[PDB]
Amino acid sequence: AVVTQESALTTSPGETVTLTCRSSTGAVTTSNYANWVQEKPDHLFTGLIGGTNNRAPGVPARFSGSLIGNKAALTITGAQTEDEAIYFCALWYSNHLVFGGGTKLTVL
């Protein structure tokens, strides 16, 4: 399968942005367990969301997971300047993980 994301989005401080995560097979479900890794500058990775909505320990509460239509999503309510990072997602199929291209979020 091929997981797809937006190439690059733009937002500002205080605004509400929404990223998506399509699947080529069909629609993204609870079985896919949608994950969302964050890559800040200088290769600093950290898991934000996983299992469609469950945050990791210590992750800001503004990062919320949902299922908007036929794709998984990551809504950042009140975008900070530190959020400027590449947001990959990852869907499970038959016990194998498939990453996406990533979404370069730029905060003005």
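The numbering used is simple: start at 1 and walk along the sequence shown.
- Taking only CA atoms, the mean B-factor in the PDB entry is higher for 15-23 than for the other of 15-23 and 88-96.
- As listed in the deposited structure, the average C-alpha B-factor of 72-80 and of 24-32 is greater for 24-32.
- Looking at the C-alpha B-factors along this chain, the one for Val37 belongs to the lowest third.
- For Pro60, the recorded CA temperature factor ranks within the middle third of the chain's modelled residues.
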